[PDB]
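We begin with a single chain expressed as structure tokens, specifically the form deposited in one PDB entry.
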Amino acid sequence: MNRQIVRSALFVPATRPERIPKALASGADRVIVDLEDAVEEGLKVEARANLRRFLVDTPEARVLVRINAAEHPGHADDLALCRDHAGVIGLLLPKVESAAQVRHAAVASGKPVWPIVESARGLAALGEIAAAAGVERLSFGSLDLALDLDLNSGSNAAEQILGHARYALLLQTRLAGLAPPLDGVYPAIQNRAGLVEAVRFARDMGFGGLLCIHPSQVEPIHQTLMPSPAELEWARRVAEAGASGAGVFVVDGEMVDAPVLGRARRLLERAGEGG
């Protein structure tokens, strides 16, 4: 699939057809139109039709869709919508607990699957799931695993438990060679100072971006994701001293060996001019 970084994946429910155009103008790397836990049961059918009309009327629009899982009766109608419009470039599979769930949603949709880890069962099967055919990258339901594991969302201890799940998304991402994963949603819409901290914590940990819920969150996320002038100046000074060809040296009073030089070069290239 696409092995590129998604810095922002903005959720917008299909009950809000007028806010899907707003989502795409946010500047979000991806927009997720939702048909599942933001859409009330009675509106799922009408919400699916709202999305179909949006894709039809907007052929150049390319979106991701969080479908309902196989336990739901609308599953197949959700998969058919993902398969039949070119604007659907992938789907979020919620409540994923098996590689077989990934393969069925992938084959029936013909589109790449972003498995969402939202439960204890998901974590335990995550080897299978990340390695399953059709997987592009992983994302995580932070508020969902707090329910499933009985966490007091927002607390020190809760973030420590979530740190273990994040570790598994990050570990399995490398083992299965997936594209960079996206950390969960920061629900305090207007708290940009808290949002900035959750974004920098995620990047420092190896995540590529964040699942967003508001367009106001897009610029804070993308701005916090770019390397600082310092980090780029460090990477430059580290790359400059490894041109000589020395095996090991010191840059900021810190030893620099091959792996550190490799970190500076990947920073210099992933974000700016390489070489």
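Shifts are known only where both forms have a C-alpha. For every residue, the number given is its place in the sequence shown, counted from 1. Throughout, rigid core stands for the largest set of C-alpha atoms superposing within 1.5 Å between the two forms.
Trainee: With reference to the PDB entry, specify whether the mean Cα temperature factor is higher for 52 to 60 or for 26 to 34.
Mentor: Result of the comparison: 52 to 60.
Trainee: Check the entry's C-alpha temperature factors for 188 to 196 and 110 to 118, then say which stretch has the higher mean.
Mentor: For C-alpha atoms only, the mean B-factor is higher in 188 to 196.
Trainee: Based on what the PDB entry reports, which of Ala235, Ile221, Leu211, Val45 has the top C-alpha B-factor?
Mentor: Among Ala235, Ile221, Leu211, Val45, the highest C-alpha B-factor in the entry belongs to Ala235.
Trainee: C-alpha B factor of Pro73, ranked within the chain: lowest, middle or highest third?
Mentor: Its C-alpha B-factor belongs to the highest third of this chain's values.
Trainee: Can you tell me which third, lowest, middle or highest, the CA B-factor of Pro227 falls into for its chain?
Mentor: It falls in the top third of the chain.
Trainee: Relative to the other modelled residues of the same chain, rank the CA B-factor of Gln217 and answer lowest, middle or highest third.
Mentor: Lowest third, going by the recorded CA B-factors of the chain.
Trainee: Split into thirds by Cα B-factor across the chain's modelled residues, where does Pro21 land: lowest, middle or highest?
Mentor: Its C-alpha B-factor, which the entry lists for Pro21, ranks in the middle third among residues of this chain.
Trainee: What third of the chain does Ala133 rank in for C-alpha temperature factor, lowest, middle or highest?
Mentor: It falls in the middle third of the chain.
Only in words, not in the display: the form deposited in another entry, which the text now covers.
Trainee: Please find the residue from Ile213, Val45, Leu232, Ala70 showing a Cα shift of 2 angstroms or more between this form and the one not shown, rigid core superposed.
Mentor: The listed residue whose C-alpha shifts by at least 2 Å is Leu232.
Trainee: When you overlay the rigid core, is the Cα of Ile20 off by 2 Å or more between this form and the one not shown?
Mentor: No; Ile20 is a residue whose C-alpha shifts by less than 2 Å between this form and the one not shown when the cores are overlaid.
Trainee: After a rigid core superposition, would you say the CA of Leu268 moves by 2 angstroms or more between this form and the one not shown, or not?
Mentor: Comparing the forms between this form and the one not shown, which are aligned on their rigid core, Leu268 does shift its C-alpha by 2 Å or more.
Trainee: Taking the cut-off of 3 Å or more as given, in which direction does the distance between the C-alpha atoms of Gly27 and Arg265 change in that other deposited form, closer or farther?
Mentor: Closer is correct, given that in that other deposited form the C-alpha spacing of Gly27 to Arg265 is reduced by at least 3 Å.
Trainee: Any idea whether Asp204 and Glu231 get closer or farther by CA distance in that other deposited form, knowing it moves 3 angstroms or more?
Mentor: Between the C-alphas of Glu231 and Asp204, the gap widens in that other deposited form (3 Å or more compared with this form).
Trainee: Do any runs of 3 or more residues shift their CA by 2 Å or more between this form and the one not shown on a core fit, and if so, which ones, in sequence order?
Mentor: Residues 228 to 241, 249 to 275 form the runs that move by 2 Å or more between this form and the one not shown.
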